[PDB]
């Protein structure tokens, strides 16, 4: 693991930047973690605690205390032996993960698209501006970046941008419809080494092609999955479910397994953007139909492919993750246009205002997760 401690106004989190697992630290636990990362010795850390805190603590008591949870238990086995990166703020909520909508342009114009993509916004951040943004985010401790759109790789200067992303972040993911991939793009992402690709597949050939409005789209996108996987790029396949494709999940999973994909994830079509027109919620029969196929698929393909459960490493919207639109406005979530601020016009500290987050929590209509967030009781390191 590549561990970091990220400070927040109500407490700190420890993050494994590689897996993006994170763990809410108690104030005491954070202090002990920092000590162990420095002196690397349970006896030394316990004795320091005794001196500074005027409280008895032996190495056995410290070991037993940390053995109370499997993650803190690893701190007694040398997990904290590498330098622990420090980031964040006690005064504002700064993210550990961001999703950057590089452009709203797209070669498709899917009738369900939550982003209403196809045409770019009249003014979008240039690749040079996104490179400025990424330097600011990385210097603030953002560890994980997703590049989306639209079709992200349509942005002029994409190659330089994705190199900057790879260089400045622990993990990069590029979301793509899988169309119009060039050999040197595959090669570039392969060599960069920390870039994954998420490809949308919405059915077998004919259903996918109808839903996406592209005859031959499935075959091209599946070929892209194969080329990426052959170049050792982790591929995540995202299938967005509706009444047309609900019965095709198991067949799609097989195709993805054969193509070498790493992860398969199915999700509902949400009533956002172009999908609002004529929206019908997935009724219960179709939802159960998906679930039985996911279960069957794990029995069959679970060895060769991670098949995600239908509906922590979840970065809480707004508090731990930001979505940055192609026009520069920052929101808690790719589904939400209610802004925290503007990435060029406002300071990082102002964007992460706790008061605004509370306001967005009660006013957001499209991100369903943010309204459900319950902050833990304040428990800060060092008091």
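Numbering follows the first chain given and starts at 1.
The stretch of deposited sequence separating residue 311 from residue 312 contains 4 to 9 residues lacking coordinates in this entry.
Stretches 266-274 and 126-134 differ in mean C-alpha B factor, with the higher average recorded for 266-274. Across the two stretches, 3-11 and 372-380, the PDB entry reports the greater mean Cα temperature factor for 372-380. When the Cα B-factors of 281, 90, 162, 222 are read from the PDB record, 281 comes out highest. The top Cα temperature factor in the record, among 301, 112, 158, 218, falls on 301.
Ranked within its chain, residue 341 lands in the lowest third, by CA B factor from the PDB record. Sorting the modelled residues of the chain by their CA temperature factor places residue 47 in the lowest third. Ranked by Cα temperature factor within the chain, residue 357 sits in the highest third according to the deposited record. Ranked against the other modelled residues of its chain, the C-alpha B-factor of residue 208 as given in the entry falls in the middle third. Sort the chain's modelled residues by C-alpha temperature factor and residue 55 lands in the highest third, per the entry.
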